[PDB]
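S.K.: partial complex follows, first chain(s) only, in situ:
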Amino acid sequence: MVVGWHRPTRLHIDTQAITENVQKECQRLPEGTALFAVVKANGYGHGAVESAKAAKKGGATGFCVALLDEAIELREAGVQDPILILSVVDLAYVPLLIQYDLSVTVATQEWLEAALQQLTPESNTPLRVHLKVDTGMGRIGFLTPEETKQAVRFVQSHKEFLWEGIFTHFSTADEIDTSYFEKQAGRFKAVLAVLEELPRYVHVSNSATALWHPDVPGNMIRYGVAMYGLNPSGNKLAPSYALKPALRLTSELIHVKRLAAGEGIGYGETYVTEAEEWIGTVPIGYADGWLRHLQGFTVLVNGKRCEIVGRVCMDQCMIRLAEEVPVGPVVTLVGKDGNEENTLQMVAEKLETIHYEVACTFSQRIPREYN
């Protein structure tokens, strides 16, 4: 697939915003605490490499990725810092981990026992492994205190290995009620407790934890959404410091026409003109990530809100303009214009999801520009 360069639709990524967002968080964490920038899913749709480079200038000394291929892309970009693949890697790819000196998470001894084989008798390239203990997310990890204790000692029983860290992940750190959270921490504590040695990286925090549960054991935080300026808790809580939106979505009217009252517009004729109306055509559709369920949403033109009317097409949608306008004026889908602003949170709410998903859904067909 290609990216719509010759089309007015565009995604603007304010890099400095990321940097600012990262710097400010670094300032609120102890001097013995590292900031790892998690840029998975192509930097949550903003672009990994750039998010990665912007995150570094802010104080980040490590990176968190979700796939082997994503960790490799960073290396290929010149990223020379620790990179942690947040999930289970296929044994068939162990050698790749050694080649790019990537850090992997381990969730079972089975993987480690098999990983040992296919691993040089004494390699000068030990495999950096972070053991994940699952005290509540229910996804992956050891359900120790005993299981981890066995995993760790096994990891140290072999020069082929090198355990960089041990971590857990909270499922409700963005929740008003903190009862469940406190339980996960208990399970993590119960469990470093059974050990006698600790790796260099003991991490448990994500954006939400870092913002609302600061006084929590650990020396390294995995900073995600917050660095792109998005409130990790939707609109349930206020960040500890003013985040700064890094994503803007722009397009332009490429056709403007007046329709008589009583005319149907779009598929299924879900909409019918109520009177003389000015309808403008915008070159962005669901195939670009501007989902169909966005119909009643309003975008910006010349500082005024305009209702998308009618079914959102695959490659475009229609907005009822306020007053007659030529084609060409810029249409702000996400971002500020005049006294009005469209937040990714707003789009998420219209879609009944979280901005996490909205940002990740924006197709690659939409060119991203960084400044």
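M.R.: Noted; the coordinates are in hand. Numbering: from 1, shown residues only, chains lettered A, B, ... in the order given.
S.K.: run through the residues that contact the residue nearest the centre of chain A.
M.R.: Nearest to the mean C-alpha position of chain A, by C-alpha atoms, centre = their mean, lies residue A:44 at 3.2 Å. By C-beta atoms under 8 Å, 6 or more residues apart in numbering, the residues touching residue A:44 are A:51, A:224, A:225, A:228, A:356, A:359, A:360. (Each C-beta comes from the backbone N, C-alpha and C, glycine too.)
S.K.: let's see it at 6 Å
M.R.: By C-beta atoms under 6 Å, 6 or more residues apart in numbering, residue A:44 lies in contact with A:228, A:359.
S.K.: what of residue A:63?
M.R.: Each residue near residue A:63 by C-beta under 6 Å, 6+ apart is listed here: A:37, A:83.
S.K.: over to it. Which of the three states is it?
M.R.: Three-state assignment for residue A:63 (DSSP: H, G, I helix; E, B strand; the rest coil): strand.
S.K.: distance of it from residue A:258?
M.R.: Relative to residue A:258, residue A:63 is positioned 52 Å away (C-beta to C-beta, to the nearest Å).
S.K.: please apply the same query to residue A:351.
M.R.: From residue A:351 to residue A:258 the distance is 31 Å (C-beta to C-beta).
S.K.: who's more crowded, the two?
M.R.: A count of neighbours by other C-beta atoms under 10 Å puts residue A:351 above the other of residue A:351 and residue A:258, at 17 against 11.
S.K.: phi and psi next, for the nearest residue to the more buried one once chain neighbours are set aside.
M.R.: In this structure, residue A:351 finds its nearest non-sequential neighbour in residue A:293, 5.6 Å apart by C-beta to C-beta, 6 or more residues apart in numbering. With angles defined as degrees, to the nearest 10, residue A:293 sits at phi -70, psi 10.
S.K.: number of nearby residues for residue A:293?
M.R.: Look at residue A:293: counted by other C-beta under 10 Å, it has 12 neighbours.
S.K.: tell me the spacing between the closest residue to residue A:266 other than its chain neighbours and residue A:257.
M.R.: In space, and not counting its chain neighbours, residue A:266 is closest to residue A:310: 2.8 Å by C-beta to C-beta, 6+ apart. For residue A:310, the distance to residue A:257 equals 13 Å [C-beta to C-beta].
S.K.: when those two are compared, which one has more neighbours?
M.R.: Neighbour totals were compared for residue A:310 and residue A:257, and residue A:310 leads with 22 against 12 (other C-beta under 10 Å).
S.K.: contacting residues around the more buried one?
M.R.: By C-beta under 6 Å, 6+ apart, residue A:310 lies in contact with A:265, A:266, A:271, A:318.
S.K.: now with 8 Å, please.
M.R.: Neighbour list for residue A:310: A:265, A:266, A:267, A:270, A:271, A:295, A:317, A:318 [criterion: C-beta under 8 Å, 6+ apart].
S.K.: and if you look at residue A:364?
M.R.: A:1, A:3.
S.K.: for PyMOL, what selects the buried ones among the contacts of residue A:310?
M.R.: Of the contacts of residue A:310, the buried ones can be selected in PyMOL as follows, counting by 16 or more other C-beta atoms under 10 Å:
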select buried, chain A and resi 265+266+271+295+317+318
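S.K.: further, place chain B onto the existing structure:
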Amino acid sequence: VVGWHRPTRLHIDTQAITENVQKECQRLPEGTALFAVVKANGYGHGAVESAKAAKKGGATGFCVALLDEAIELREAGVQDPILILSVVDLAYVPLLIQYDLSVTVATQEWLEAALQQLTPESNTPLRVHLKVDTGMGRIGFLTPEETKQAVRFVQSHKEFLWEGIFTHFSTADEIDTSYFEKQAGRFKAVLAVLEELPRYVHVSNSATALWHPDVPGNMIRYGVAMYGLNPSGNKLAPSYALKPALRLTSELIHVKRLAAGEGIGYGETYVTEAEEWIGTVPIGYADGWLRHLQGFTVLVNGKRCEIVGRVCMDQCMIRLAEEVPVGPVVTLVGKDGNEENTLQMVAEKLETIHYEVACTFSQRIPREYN
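M.R.: Chain B, in position alongside the others:
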């Protein structure tokens, strides 16, 4: 970034796309041509590999939405006619000319302006396809009086060619054919002022081709049907057996048994009602597998497995029946045993149409062909 190292894949059955195009071509007046619309990267399946498959099947032309897309096709070796269905900014007229691409024209001014930039020259015309708006409400000339001036203008200057004219139906798949007839009537009008017609007079898409085969015109823009999807969703039965060409797969990468009353996934939305085996599948909403796919069930060893707990950005959890090890294949879309998952179903869950599900599957999921 393509996740080639992740056990998650998208299987495109090109032979299927080919067969779908063929059967259409056979029930077609034959004299009438079939143009394969492959915008949005072949509706998520891959534009080039789809086009190529549709040509083997009988397609003698292509429909794209973006100038960029048309150039992908050309640079890929496609010498057949490529029609850009949207309006192309004037500043890119030279490129249309360069790659000899057909362009949609929905206004008079565009034509008058493009003329100046055109010639000055006497070599290759600008293949124009005029579009009248008789209902959709999107782009195009909205009266028969207009377009008349258009074709009149186009046929006057040797810079253009007027390769065709068309319109687009908005409800060609609704059981109620009311609004469909209206549009057909207006496009009828319309033609009923022109004393000549261009090489192509297209009007129908998947839906109308499948249910309104008797509508006038000599070429159809075959869209979703070639991909094996019911253009009406589940409202009408396809005029012929469509073979879906898309399949989505992955595999279990972590299996475990949880105690009763154990929470799973963000917000702790799911709680074990008793000891059970949970599975972890490497695919989440960042791949297009949306959060609202929560209650949905996938297939492993020919058995439904409910996706429990929240869907994460990169993966999700499923409840397994028997226990079992890591490695089994997970069919999110397709057949497995006697069970089957359709985009339709996936569409039903998300509460939208398969068109959308297809186009949302992230670039991060490797497409494999055969």
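S.K.: again for the contacts of residue A:310, chain B present now?
M.R.: Listed by C-beta atoms under 8 Å, 6 or more residues apart in numbering or on different chains, the contact partners of residue A:310 are A:265, A:266, A:267, A:270, A:271, A:295, A:317, A:318, B:137.
S.K.: same deal with residue A:90?
M.R.: Shown in contact with residue A:90 (C-beta under 8 Å, 6+ apart): A:68, B:5, B:7, B:253.
S.K.: find the closest residue to chain B in chain A.
M.R.: For chain A and chain B, the shortest gap (C-beta to the nearest C-beta) falls at residue A:265, measuring 2.9 Å.
S.K.: please enumerate the strands of the stretch 251-371 of chain A.
M.R.: Ranges of strands in the stretch 251-371 of chain A, per DSSP state E, counting those that start in this stretch, are A:256-259, A:264-265, A:271-272, A:277-282, A:298-301, A:304-307, A:317-321, A:330-337, A:340-342, A:368-370.
S.K.: over to the stretch 101-250 of chain A?
M.R.: Taking DSSP E, counting those that start in this stretch, the strands of the stretch 101-250 of chain A run over residues A:103-106, A:127-132, A:161-167, A:201-205, A:220-223, A:247-252.
S.K.: mind putting the ones you listed in a markdown table, mean neighbour count included?
M.R.: Below are the strands of the stretch 101-250 of chain A laid out as a markdown table (neighbours: other C-beta atoms under 10 Å in any protein chain shown):
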| stretch | mean neighbour count |
| --- | --- |
| strand A:103-106 | 24 |
| strand A:127-132 | 24 |
| strand A:161-167 | 22 |
| strand A:201-205 | 22 |
| strand A:220-223 | 27 |
| strand A:247-252 | 22 |
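S.K.: hang on, residue A:143 packs against residue A:134?
M.R.: Yes: using C-beta atoms under 8 Å, residue A:143 is in contact with residue A:134, at 6.2 Å.
S.K.: tell me which of the two has more neighbours.
M.R.: When residue A:143 and residue A:134 are compared for neighbours, residue A:134 comes out ahead with 24 against 18, by other C-beta atoms under 10 Å in any protein chain shown.
S.K.: ok, that one - contacts?
M.R.: Going by C-beta under 8 Å, 6+ apart, residue A:134 touches A:107, A:140, A:141, A:142, A:143, A:168, A:169.
S.K.: now do the contacts for residue A:16.
M.R.: When contacts are counted by C-beta under 8 Å, 6+ apart, residue A:16 touches residue A:54.
S.K.: again, 10 Å this time
M.R.: If you count contacts by C-beta atoms under 10 Å, 6 or more residues apart in numbering or on different chains, residue A:16 has them with A:23, A:54, A:57, A:58, A:244, A:246, A:370, A:371.
S.K.: among those, which ones are in helices?
M.R.: A:23, A:54, A:57, A:58 (DSSP state H).
S.K.: domain assignment for chain A?
M.R.: A:1-14+A:237-371, A:15-236 (curated CATH domains).
S.K.: chain center to the first one: distance?
M.R.: Just to be clear, that refers to domain A:1-14+A:237-371. Distance of domain A:1-14+A:237-371 from its chain centroid, counting by C-alpha atoms, centre = their mean, to the nearest Å, is 21 Å.
S.K.: returning to that earlier point: now do the contacts for the residue of chain A closest to chain B.
M.R.: Here residue A:265 is in contact with A:259, A:271-273, A:277, A:279, A:309-311, A:318, A:320, B:133, B:135-138, B:170 (C-beta under 10 Å, 6+ apart).
S.K.: cheers, nothing more for now.
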